[PDB]
Amino acid sequence: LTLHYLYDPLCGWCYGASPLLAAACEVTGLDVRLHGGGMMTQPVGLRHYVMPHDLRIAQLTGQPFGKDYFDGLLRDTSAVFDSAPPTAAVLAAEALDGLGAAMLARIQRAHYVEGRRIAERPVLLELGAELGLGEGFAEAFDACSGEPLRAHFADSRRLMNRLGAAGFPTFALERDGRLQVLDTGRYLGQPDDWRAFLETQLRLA
């Protein structure tokens with residue numbers, strides 16, 4: 001069994017689903033694969049699209065949003081919402097240390113809690129160093145940011161296309177060569193339910 005997670009670092013609902021990714025990573029015998037879709041590949045001006053979503057996301061999922069995000073990053077004219085650099089950082093952490101999911105969560109925290117500029121290479125390198133990747137992360141990030149990122153987006157977008165998925169987050173469970181899109185909305189805010197659902201699917205197999 002493989003859980004496929006179609007995400008984007010700058011998708012607020014994916015941040016709402018961060019507890020579901022974490023709980024899925026705890027399911028013995030479940031493989032989890034990340035697929036970054038390249039949603040925003042917009043300078044802050046951009047804010048009307050996000051902030052009303054965010055407090056709704058918070059009230060449904062309990063996920064936290066920091067004052068430095070609400071009154072800092074979202075008020076920074078020079079902030080750039082670009083999905084490509086943070087996705088390359090996820091790819092690099094997975095390539096270098098198998099820490100893609102941990103890097104995604106750390107990146108979302110840097111954005112939504114700490115108000116940091118996750119489109120910026122020094123910010124991403126600092127997150128990698130916080131996770132113990134300082135030896136090799138800079139060069140892996142630079143390698144991943146070129147053609148590998150482009151090939152990754154293409155793969156993710158055709159997968160999403162083949163599933164009819166309108167957007168992110170999308171979770172799809174693979175069993176014996178079959179693919180089933182899961183009802184992620186039913187599980188937002190219920191990570192213990194989600195873990196048990198995945199355990200129950202393993203038992204039913």
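We're numbering straight along the sequence, starting at 1. Quick note: numbers below take in every heavy atom, side chains included, and nothing from hydrogens, waters or symmetry partners.
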Among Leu159, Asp155, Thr170, the one residue meeting side chain to side chain contact (heavy atoms under 4.5 Å, CB included) with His35: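 Exactly one pass, corresponding to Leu159.
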Do [X] and [Y] come within less than 4.5 Å of each other through their side chains, counting heavy atoms only?
X      : Y      : answer
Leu173 : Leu30  : yes
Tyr5   : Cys14  : yes
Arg116 : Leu73  : no
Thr87  : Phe153 : yes
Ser78  : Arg117 : yes
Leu74  : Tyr69  : yes
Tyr112 : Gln63  : no
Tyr15  : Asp54  : no

Contacts of type side chain to side chain donor-acceptor pair (under 3.5 Å), residue [X], not counting sequence neighbours:
X      : answer
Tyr187 : none
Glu174 : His4
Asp142 : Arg121

Nearest heavy-atom neighbours spanning [X] and [Y]:
X      : Y      : result
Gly37  : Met160 : CA-CE, 4.3 Å
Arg47  : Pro52  : O-CD, 4.2 Å
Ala172 : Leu163 : CB-CD1, 4.1 Å
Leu1   : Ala205 : CD1-CB, 4.3 Å
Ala24  : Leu3   : CB-CD2, 3.5 Å
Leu124 : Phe137 : O-CE2, 3.5 Å

For residues [X] and [Y]: do they belong to one hydrophobic cluster (side chain heavy atoms under 4.5 Å, members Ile, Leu, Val, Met, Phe, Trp, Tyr)?
X      : Y     : answer
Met40  : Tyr49 : yes
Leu127 : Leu91 : no
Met51  : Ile57 : yes
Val32  : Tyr7  : yes

Start with the C-alpha distance between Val50 and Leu10, add both sets of side-chain angles, then the distance that settles side-chain contact (heavy atoms from CB on, under 4.5 Å), and finish with yes or no. CA-CA 10 Å; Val50 292; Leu10 288 167; over 6 Å; no
Working to the nearest 0.5 Å, report the span between CZ of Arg157 and CG of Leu6.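 Between atom CZ of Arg157 and atom CG of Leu6 there are 11.5 Å.
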To the nearest 0.5 Å, tell me how far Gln59 CD sits from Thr61 OG1.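 Rounded to the nearest 0.5 Å, the CD-OG1 separation comes out at 9.5 Å.
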Take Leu202 and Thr28 through the test side-chain contact (heavy atoms from CB on, under 4.5 Å) and record every step on the way to the result. CA-CA 9 Å; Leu202 281 173; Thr28 291; over 6 Å; no
From CA spacing to verdict: salt bridge (charged side-chain N to carboxylate O under 4.0 Å, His left out), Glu114, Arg106: CA-CA 10 Å; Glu114 307 182 302; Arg106 182 65 191 91; 3.0 Å; yes
Are the ring centres of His53 and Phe65 closer than 6.0 Å?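 No; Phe65 has its ring centre 6.0 Å or more from that of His53.
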